[PDB]
Amino acid sequence: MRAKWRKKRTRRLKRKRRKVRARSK
Amino acid sequence: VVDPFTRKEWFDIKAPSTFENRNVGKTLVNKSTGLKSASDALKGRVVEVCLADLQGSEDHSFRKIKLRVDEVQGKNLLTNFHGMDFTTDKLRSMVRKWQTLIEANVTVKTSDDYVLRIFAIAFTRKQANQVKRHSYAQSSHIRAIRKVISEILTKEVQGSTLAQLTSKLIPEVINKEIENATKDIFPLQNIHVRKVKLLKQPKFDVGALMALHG
Amino acid sequence: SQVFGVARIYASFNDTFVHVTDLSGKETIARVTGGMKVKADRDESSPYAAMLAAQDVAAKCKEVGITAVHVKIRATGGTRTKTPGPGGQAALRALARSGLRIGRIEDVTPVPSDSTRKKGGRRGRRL
Amino acid sequence: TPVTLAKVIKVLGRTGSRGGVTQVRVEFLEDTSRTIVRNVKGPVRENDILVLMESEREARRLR
Amino acid sequence: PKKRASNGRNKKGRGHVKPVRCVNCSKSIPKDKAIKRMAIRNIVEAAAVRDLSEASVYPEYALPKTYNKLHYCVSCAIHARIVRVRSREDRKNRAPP
RNA sequence: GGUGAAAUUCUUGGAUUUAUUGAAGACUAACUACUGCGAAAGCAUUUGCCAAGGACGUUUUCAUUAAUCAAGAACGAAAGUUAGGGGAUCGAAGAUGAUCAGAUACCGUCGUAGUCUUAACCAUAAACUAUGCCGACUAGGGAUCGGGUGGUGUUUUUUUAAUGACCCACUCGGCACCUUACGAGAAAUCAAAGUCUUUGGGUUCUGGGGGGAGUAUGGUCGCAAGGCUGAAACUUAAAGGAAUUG
RNA sequence: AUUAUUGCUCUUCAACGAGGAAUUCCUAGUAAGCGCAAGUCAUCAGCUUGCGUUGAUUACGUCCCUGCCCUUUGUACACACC
Ligand SMILES: [Mg+2]
Ligand SMILES: [Mg+2]
Ligand SMILES: [Mg+2]
Ligand SMILES: [Mg+2]
Ligand SMILES: [Mg+2]
Ligand SMILES: [Mg+2]
Ligand SMILES: [Mg+2]
Ligand SMILES: [Mg+2]
Ligand SMILES: [Mg+2]
Ligand SMILES: [Mg+2]
Ligand SMILES: [Mg+2]
Ligand SMILES: [Mg+2]
Ligand SMILES: [Mg+2]
Ligand SMILES: [Mg+2]
Ligand SMILES: [Mg+2]
Ligand SMILES: [Mg+2]
Ligand SMILES: [Mg+2]
Ligand SMILES: [Mg+2]
Ligand SMILES: [Mg+2]
Ligand SMILES: [Zn+2]
């Protein structure tokens, strides 16, 4: 996939793990 | 079941003084009925005729003129100065590559107190033995020419109204005084007052207006 | 010699405007466009139409009072194509060849000291 | 009807997308010393005589 | 790899020029990289000039052409106008005709 | 009106076209170039002010004061964020007319944020010459931008000059092109990418097969979005570059 | 020999009044018209392969349509755009 959109893929992907981790702080 | 033509009042346009043909053209109004008359309604229109279409000669192909209608009298309406334009084609021709353009302007008053803004354009010429294919001034050159142009333009106005200013613009006296003071600085070709607009007329004064007529 | 008025032929694509008015402009005299004298949208600017409309416009122009007329041909302008449309030349041709005089004509296509962002976005109208 | 006679003086070539059309310069006989190029419909060689139905008007290219 | 030394088009010692809008599709494109033609042409045309002077006043008149500079976007330049495509070498030739 | 063609749309409210005026915000057309300047981002209307700069000129001054740089700092396109203002235009989102088997799009319409500006953030771009800086050396050519020097050069007339613009030779320092190639390179190409197994002028920084991955983690910066720093397990025989013929 | 091999005679006497959008073939002893021999074949040519007979109109050009070649140019394809 376009590198630009793979970067976006994982931008989001991190935002969710950033989110799910917070539930547990 | 109308056709406003089988109704429209008709009219011819007369020009001011310091040119050639005072007769100019025709127009349509509406019959001066009680409530909404042909008179006070419009008249105040304006007309654009090339002055070569109004001076006869062709050493004036460009240079357009705005005439505004101020007064009316029995199928005869005069007109006065309202501006001066250039033709689109002439400029587009004057403005060629490989050379520097120069423009400058000023707002200023006249005797009979019409205020106006006159324009001025000039391009750098190669001079007849040059080798380099372009010819550019030196910015420091450009700033000089403008200031002098401006010095000259302000002087030429507030002579006896647009009246004398019109009488001044027609034979392009301005053009060559520019040409004069300038050649101490840089070459230059074309050089014209290009434009001039009106923005602050005084008061009607039915007297003074009537001085161009006879 | 004649009686004079203004022609002003706006010629964009998809339509061509012809309408003569008083040399002051304030007062019209007969119009009609290219979209009038044929019906197909697609052909709304074609030279064949603007002819037939330059024909119907010449007619009235002389059937009212104007014996002659100067022209001011014009394109879309502004932040648009700025180039002459198709049925401008056909219009001019049709109104001189009609039975009307011609005198000193210039271009009046609005040209900006550029700006107001063009339409269709940075990547262009793409198809 | 003003008939107008012209003698083909040179064969220039084939215009028309199709190409059935030949470009030709002619010399009209009744008072020479002038020339005009015409477009033909049929096969043509040098020294042929074309009846220009209207003397003064000529074309160039064809599509 | 690389394909031109002028890269895209004409820009050495500057770093930023400023975009124009394509006359055909309106695509932005740096002015130096543009591709341009003065669209100098007559107001009338081929045939009209006779029928022009014929039904006009004045002697032969004067005749004043139109002048407008054209800005194309490469693709638009390539799709119709000046372009073709040249050999590896003919590319190098900057001469117009 | 708009299109390849259409439709959504606007039209007794005289639309679209015309004319005269006015207001709002944005922008700087043409002149504009293998042309200028800036550390880089970047910078094209005028005029006044404010300080700044390179190059040149120099038989002025000081005299090793310099080169390059972990840390640290200044600035930093666009978007994006906070708080005002502004909000013309174009216009992420959204809603539509069509197209399509589908059509969350391309094309058309409506148009929110935005686009502009102030105060503060953010610090990233293929931020590109994909090419560190200082110094020396190595090879031809015609242009050009700035500075200077030389001339019983041209053109400007007045009374010769003085000027200014122009012409020719030279010389510094700019932006580039040309041809060559002693030389270099895997080549494409390169006056540097040259002066390297005949391997050393000074200095900074980064890379060490591919994926995993700019991921996990910790630290840190941020309002946020995210920036900086930044692994391993595992997987894998190629991935990659330039040129050739198809 | 019926589902009628072919041939003859009488009778029966259809559609078809030059053919929409489309589309084939052709430049001289050619097109078209005309019949013959040969192949097949016990018997059956509305087919074919050749043959001679009568014998034109119109081009002797072009790139518009369609088809294919050739350069140039892109390619991450080379089992090569299936
Ligand atoms: Mg919880
Ligand atoms: Mg395309
Ligand atoms: Mg490539
Ligand atoms: Mg940049
Ligand atoms: Mg400007
Ligand atoms: Mg520390
Ligand atoms: Mg650092
Ligand atoms: Mg807005
Ligand atoms: Mg949508
Ligand atoms: Mg839909
Ligand atoms: Mg969507
Ligand atoms: Mg980076
Ligand atoms: Mg680049
Ligand atoms: Mg050199
Ligand atoms: Mg294997
Ligand atoms: Mg390759
Ligand atoms: Mg047989
Ligand atoms: Mg058979
Ligand atoms: Mg290849
Ligand atoms: Zn384009």
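Chains as they are written, first to last, in PDB author numbering: chain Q1, 1 to 25; chain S1, 20 to 233; chain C4, 11 to 137; chain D8, 5 to 67; chain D6, 2 to 98.
All residues carry an ideal CB built from backbone N, CA and C; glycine is no exception.
Legend entry - Proximity winner among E55 (chain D6), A81 (chain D6), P98 (chain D6), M39 (chain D6), relative to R111 (chain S1) (alpha-carbon distances): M39 (chain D6)
Inset, instruction - Put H160 (chain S1) into one of helix, strand or coil per three-state DSSP. - result: helix
Inset, instruction - May I have the straight-line CA-CA distance separating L120 (chain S1) from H211 (chain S1), to the nearest angstrom? - result: 12 Å
Legend entry - Residues from the region 43 to 55 of chain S1 in contact with chain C4, defined by Cβ distance under 8 Å: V43, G44, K45, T46, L47, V48
Inset, instruction - Just the C-alpha distance for residue 10 (chain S1) and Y62 (chain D6), rounded to the nearest angstrom, thanks. - result: Here chain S1 comprises residues numbered 20 to 233, so residue 10 (chain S1) is not present and cannot be evaluated.
Legend entry - Proximity test, Cβ basis, 8 Å: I19 (chain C4) and chain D6: no
Inset, instruction - Check the Cβ-Cβ distances between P97 (chain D6) and every residue of chain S1, and say whether any is below 8 Å. - result: no
Inset, instruction - Report yes if the C-beta distance between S11 (chain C4) and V86 (chain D6) is below 8 Å; otherwise report no. - result: no
Inset, instruction - Let me know the secondary structure DSSP gives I210 (chain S1) once reduced to three states. - result: strand
Inset, instruction - Could you spell out the range, first to last residue, of the alpha helix (DSSP H) harbouring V67 (chain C4)? - result: 57 to 74
Legend entry - Short Cβ contact (8 Å threshold) for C71 (chain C4) with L110 (chain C4): yes
Legend entry - Per-residue DSSP class, three states only, for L13 (chain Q1): helix
Legend entry - Interface partners of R114 (chain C4) on chain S1, CB under 7 Å: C69, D72
Inset, instruction - Output the boundary residues of the beta strand (DSSP E) element that contains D32 (chain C4). - result: 30 to 32
Legend entry - Beta carbon of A139 (chain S1) nearer than 8 Å to that of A156 (chain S1): no
Legend entry - Which listed residue (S51 (chain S1), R41 (chain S1), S56 (chain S1)) has its alpha carbon closest to that of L73 (chain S1): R41 (chain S1)
Legend entry - First through last residue of the beta strand (DSSP E) which encompasses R29 (chain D8): 25 to 32
Inset, instruction - Indicate whether at least one CB of chain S1 lies closer than 8 Å to the CB of residue 4 (chain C4). - result: Residue 4 (chain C4) cannot be examined here, being either before or after the span of chain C4 that is shown, 11 to 137.
Legend entry - Within 8 Å, strictly: CB atoms of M61 (chain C4) and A100 (chain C4): yes
Legend entry - Simplified DSSP state of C77 (chain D6), which is helix, strand or coil: helix
Legend entry - Close Cβ partners of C77 (chain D6) (< 8 Å) along its chain, the five nearest in sequence each way excluded: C23, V24, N25, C26, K28
Legend entry - Proximal chain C4 residues relative to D78 (chain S1), where beta-carbon distance stays under 9 Å: Ordered by position in chain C4, no residue passes the 9 Å Cβ test against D78 (chain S1), which lies about 14 Å from the chain.
Inset, instruction - Determine, using beta carbons only, whether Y68 (chain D6) comes closer than 8 Å to chain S1. - result: yes
Legend entry - Per-residue DSSP class, three states only, for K202 (chain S1): coil
Legend entry - Backbone secondary structure at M46 (chain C4) - three-state DSSP: coil
Legend entry - Below-8 Å beta-carbon distance, residue 246 (chain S1) vs any chain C4 residue: No information on residue 246 (chain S1) is available, as it lies outside the stretch 20 to 233 that chain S1 covers here.
Legend entry - Three-way DSSP call (helix, strand, coil) for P47 (chain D8) in this model: coil
Inset, instruction - Could you name the residues of chain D6 that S112 (chain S1) contacts, counting a contact when the two beta carbons are closer than 9 Å? - result: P65, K66, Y68
Legend entry - Residues of its chain near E34 (chain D8), where Cβ-Cβ distance is below 8 Å and the 5 sequence neighbours each way are ignored: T8, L9
Inset, instruction - Evaluate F81 (chain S1) with the Cβ neighbour count: other Cβ atoms within 10 Å of its Cβ, from every protein chain shown; 16 or more gives buried, anything less gives exposed. - result: buried
Inset, instruction - Closer than 8 Å by beta-carbon distance: list the chain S1 residues that pair up with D117 (chain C4), in chain order. - result: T107, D108
Legend entry - Simplified DSSP state of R89 (chain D6), which is helix, strand or coil: coil
Legend entry - Selection of the region 38 to 64 of chain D6 by Cβ proximity to chain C4, strictly under 9 Å: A40, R42, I44, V45, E46, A48, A49, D52, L53, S54, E55, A56, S57, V58, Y59, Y62, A63
Legend entry - Any chain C4 beta carbon closer than 8 Å to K28 (chain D6): yes
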